[PDB]
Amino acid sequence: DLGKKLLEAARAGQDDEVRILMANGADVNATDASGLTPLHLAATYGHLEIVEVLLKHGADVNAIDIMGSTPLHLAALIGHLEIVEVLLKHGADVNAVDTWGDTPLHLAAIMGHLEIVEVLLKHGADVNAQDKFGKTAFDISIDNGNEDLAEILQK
């Protein structure tokens, strides 16, 4: 089973090994116990070029783990602007919702990734989507007193 080896290779950032495993038939869309795919772990650890090569080889860009997290969610949380852009250009759902009601925009606002915040807004992020507690991205901004975030969401 090479799928268990691709998952660890993407996480570590070994580009040549990922090419090796895919050529030998490894499951690009395998999952670990928590439903994470190699695309999830490449995006979470900022290994951009592994993300890129995976997309051109059939990876499911909207694959959700057992908590409903898409690769775009994890990229926005950790704050990887380029990978955020690459995912959106490869069919990522900008307003996907995990099991806590969070969209990616929810996560980029909470962590202060104001650059990624602007990107999501331009690419269709809904400013009206509520989490489980019923807070939009703007609702989050006024609560924690983030005037920089508030300005970006009003425009």
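Quick note: we count residues from 1 along the sequence shown, nothing fancier.
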Chain third (lowest, middle, highest) by recorded CA B-factor, residue given as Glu49: highest
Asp98 - which third its CA temperature factor falls in, relative to the rest of the chain: lowest
Third of the chain's Cα B-factor distribution that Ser69 belongs to, per the entry: lowest
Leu121, C-alpha B-factor rank within chain (lowest, middle or highest third): highest
CA B-factor ranking of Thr37, expressed as a third of its chain: lowest
